[PDB]
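Below: the structure, in C-alpha cells.
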Amino acid sequence: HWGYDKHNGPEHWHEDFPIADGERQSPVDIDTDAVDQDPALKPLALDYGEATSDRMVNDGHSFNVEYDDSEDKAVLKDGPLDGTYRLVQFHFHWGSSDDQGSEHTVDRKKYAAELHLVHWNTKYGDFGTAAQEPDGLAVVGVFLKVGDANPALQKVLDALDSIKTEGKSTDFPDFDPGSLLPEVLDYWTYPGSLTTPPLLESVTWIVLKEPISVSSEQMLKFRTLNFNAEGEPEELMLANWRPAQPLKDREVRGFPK
Ligand SMILES: [Zn+2]
C-alpha cells in the first residue's frame with residue numbers, strides 16, 4: 001500500500017513501481033539559471049469559463065475536484081502543446097509545516113503546497129489510453145505560497161469536512177478552476193511523469209512561475225484529511241509530496257523566457 005510514511009513512502013515506491021527510477025520522473029527542481037527559451041513556445045491557453053465541477057473525492061492519497069470532461073468545457077491548449085487537453089480533475093500536495101510541501105521547487109525553494117490541474121489529450125478518447133502516451137497528459141502546476149488567505153481556495157477547504165476519510169465524496173458544483181490561477185501565466189515546461197504511482201512518463205509539465213496565496217490557518221485544513229477509510233486505523237494526511245527527482249538532461253524551457 002504505497003503512501004508517504006517512512007515504510008511506504010517515496011523512497012520505497014520503486015519496489016512496486018519500478019518506473020519510479022525512470023528517465024523522465026517528476027517532480028524536479030527548476031534551476032532558473034539553467035532554463036532555455038524556445039521560440040516555438042506559445043502563451044498558455046486555459047479555457048475554463050464553461051467548466052462544470054461535479055464532486056470532491058478523498059482517494060486515499062489527496063483529494064480530487066472532478067470535472068465533466070465529456071466535452072470541451074474546460075480545456076488547455078497552446079503553451080508547449082500540440083492538441084486539446086480536457087481538465088479531468090485537480091488536486092493538491094502539501095507538507096507537514098508551512099515551510100515545505102510543494103513537489104516542484106524553484107532554485108531549491110519549497111512552497112507550502114502545489115495544485116495540479118490534470119488534463120488529457122482528446123485524441124486518445126479517454127484518460128487511460130492518453131496516460132500510456134508520451135504526449136497524452138498535461139498537468140498545470142501552481143504553487144501555493146503561505147501568506148495571505150485565499151478566498152477562492154476557501155471554497156474548496158470549506159468542503160473537506162465532508163470527505164475526511166478514504167472513499168468519501170461530496171457534491172461540489174460551480175467551482176471555477178480559473179479562480180486558482182495567477183493573473184499571468186508565464187511558465188516552465190519539461191517532459192515528465194505523474195508524481196504518484198503509477199508514475200507514468202506521459203506528462204507534459206507546465207509549472208506556473210507565479211504562486212497563488214494560502215494562509216497558515218488554511219493550510220491546517222489540508223492536514224485534517226485521513227489517508228484511510230472509516231473504521232481503519234487513522235493516518236492523517238500531514239504530508240503527501242514526492243521530492244525532486246533527477247533532471248537527467250531533460251530540457252526545462254521557459255515562456256516568455
Ligand atoms: Zn499531483
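Here, A, B, ... name the chains of the C-alpha cells in the order displayed, residue numbers run from 1 inside each chain, and ligands are numbered from 1 in the same displayed order.
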Could you go through stretch 11-160 of chain A and tell me which residues DSSP, when run on the backbone, assigns to strand (DSSP E or B), listing them as a PyMOL selection string? chain A and resi 29-30+36+44-47+53-58+63-67+75-78+85-94+105-106+109+113-121+137-146
Name the residues in contact with stretch 111-117 of chain A at a cut-off of 7 Å, using only C-alpha atoms, excluding same-chain residues fewer than 4 positions from it; report them as a PyMOL selection string. chain A and resi 87+89-95+98-103+139-146
State, in Å with one decimal place, the distance from atom CA of residue A:240 to atom CA of residue A:62.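 The value is 7.2 Å.
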What is the atom CA of residue A:96-atom CA of residue A:4 distance in Å, reported with one decimal?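 Atom-to-atom, atom CA of residue A:96 and atom CA of residue A:4 are spaced 11.3 Å apart.
The residue that comes closest to residue A:227, out of A:170, A:239, A:134, A:209 and on the basis of only C-alpha atoms, is A:239.
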Select from stretch 40-185 of chain A everything DSSP, run on the backbone, classes as alpha helix (DSSP H), then give the selection as a ChimeraX atom specification. /A:127-131,151-157
Spatial neighbours of residue A:250, 8 Å, only C-alpha atoms, chain gap at least 2 places, as number ranges by chain: A: 24, 190-191, 247-248, 252
Which neighbours of residue A:138 fall inside 8 Å, counting only C-alpha atoms, when residues of the same chain fewer than 6 positions from it are skipped, and could you give them as an NGL selection string? :A and (85 or 118-121 or 203-206)
Interatomic distance (Å, one decimal) between atom CA of residue A:242 and atom CA of residue A:59: 16.8 Å
Which residue out of A:61, A:123, A:108, A:223 has the minimum interatomic distance to ligand 1 when only C-alpha atoms and all ligand atoms are used? A:61
Pick from A:73, A:104, A:168, A:253 nearest to ligand 1, counting only C-alpha atoms and all ligand atoms: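 Residue with the minimum atom-to-atom distance to ligand 1: A:104.
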Contacts of residue A:16 at 9 Å (only C-alpha atoms; same-chain gap of 2+ positions) as a PDB file with N, CA, C and O atoms, in the first residue's frame:
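Here's the written file part.pdb:
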ATOM      1  N   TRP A   2       1.177   1.789  -1.177  1.00  0.00           N
ATOM      2  CA  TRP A   2       2.074   2.931  -1.237  1.00  0.00           C
ATOM      3  C   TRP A   2       1.464   4.125  -0.477  1.00  0.00           C
ATOM      4  O   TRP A   2       0.246   4.307  -0.438  1.00  0.00           O
ATOM      5  N   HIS A  12      10.567   4.163  -1.246  1.00  0.00           N
ATOM      6  CA  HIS A  12      10.184   2.743  -1.483  1.00  0.00           C
ATOM      7  C   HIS A  12       9.338   2.461  -2.681  1.00  0.00           C
ATOM      8  O   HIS A  12       9.170   1.278  -2.990  1.00  0.00           O
ATOM      9  N   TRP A  13       8.791   3.474  -3.310  1.00  0.00           N
ATOM     10  CA  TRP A  13       7.850   3.295  -4.379  1.00  0.00           C
ATOM     11  C   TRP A  13       8.436   2.423  -5.521  1.00  0.00           C
ATOM     12  O   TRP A  13       7.696   1.690  -6.128  1.00  0.00           O
ATOM     13  N   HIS A  14       9.725   2.528  -5.744  1.00  0.00           N
ATOM     14  CA  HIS A  14      10.382   1.789  -6.823  1.00  0.00           C
ATOM     15  C   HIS A  14      10.189   0.289  -6.689  1.00  0.00           C
ATOM     16  O   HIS A  14      10.381  -0.455  -7.646  1.00  0.00           O
ATOM     17  N   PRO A  18       8.612   0.121 -10.458  1.00  0.00           N
ATOM     18  CA  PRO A  18       9.999   0.408 -10.804  1.00  0.00           C
ATOM     19  C   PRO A  18      10.216   1.627 -11.693  1.00  0.00           C
ATOM     20  O   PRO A  18      11.331   2.145 -11.708  1.00  0.00           O
ATOM     21  N   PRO A 197       2.333   6.893  -7.867  1.00  0.00           N
ATOM     22  CA  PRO A 197       2.093   5.634  -8.582  1.00  0.00           C
ATOM     23  C   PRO A 197       0.793   5.729  -9.359  1.00  0.00           C
ATOM     24  O   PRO A 197      -0.227   6.243  -8.854  1.00  0.00           O
TER      25      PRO A 197
END
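With only C-alpha atoms and all ligand atoms as the atoms that count, the minimum distance from ligand 1 to the choices A:29, A:176, A:162, A:207 is reached by A:207.
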Top pick for closest residue to residue A:244, considering A:7, A:109, A:42, A:86 and counting only C-alpha atoms: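 Looking at the shortest contact to residue A:244, the residue is A:109.
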Please identify all polymer residues within 10 Å of residue A:256, counting only C-alpha atoms, omitting same-chain residues fewer than 3 positions from it, and present them as an MDAnalysis selection string. chainID A and resid 37:39 41:43 79 185:188 253
Name all residues at most 10 Å from residue A:183 (count only C-alpha atoms; drop same-chain ones fewer than 2 positions away) and give them as number ranges by chain. A: 178-181, 185-186, 210-212
Save out the residues we just selected, N, CA and C atoms, as a JSON list (two decimals), in the first residue's frame.
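Just written: part_20.json:
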[["chain", "number", "residue", "atom", "x", "y", "z"],
["A", 178, "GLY", "N", -10.33, 28.33, -12.82],
["A", 178, "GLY", "CA", -9.55, 29.51, -13.12],
["A", 178, "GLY", "C", -9.32, 30.42, -11.93],
["A", 179, "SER", "N", -10.13, 30.27, -10.91],
["A", 179, "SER", "CA", -10.00, 31.07, -9.73],
["A", 179, "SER", "C", -8.80, 30.70, -8.88],
["A", 180, "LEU", "N", -8.15, 29.58, -9.22],
["A", 180, "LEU", "CA", -6.95, 29.16, -8.56],
["A", 180, "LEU", "C", -5.67, 29.38, -9.41],
["A", 181, "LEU", "N", -5.74, 30.33, -10.33],
["A", 181, "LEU", "CA", -4.62, 30.68, -11.21],
["A", 181, "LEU", "C", -4.11, 32.07, -10.87],
["A", 185, "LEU", "N", 0.33, 33.95, -16.75],
["A", 185, "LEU", "CA", 0.55, 32.54, -16.96],
["A", 185, "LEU", "C", 1.91, 32.17, -17.47],
["A", 186, "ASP", "N", 2.92, 32.97, -17.14],
["A", 186, "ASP", "CA", 4.28, 32.61, -17.51],
["A", 186, "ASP", "C", 4.59, 31.23, -16.88],
["A", 210, "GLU", "N", 4.26, 32.14, -11.13],
["A", 210, "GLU", "CA", 3.72, 32.98, -10.08],
["A", 210, "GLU", "C", 2.83, 32.16, -9.18],
["A", 211, "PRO", "N", 3.20, 32.01, -7.87],
["A", 211, "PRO", "CA", 2.28, 31.34, -6.89],
["A", 211, "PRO", "C", 0.92, 32.07, -6.72],
["A", 212, "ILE", "N", -0.07, 31.32, -6.22],
["A", 212, "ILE", "CA", -1.21, 31.88, -5.56],
["A", 212, "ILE", "C", -0.96, 31.79, -4.03]]
Among the residues A:63, A:11, A:21, A:171, the one that comes closest to ligand 1 [using only C-alpha atoms and all ligand atoms]: A:63
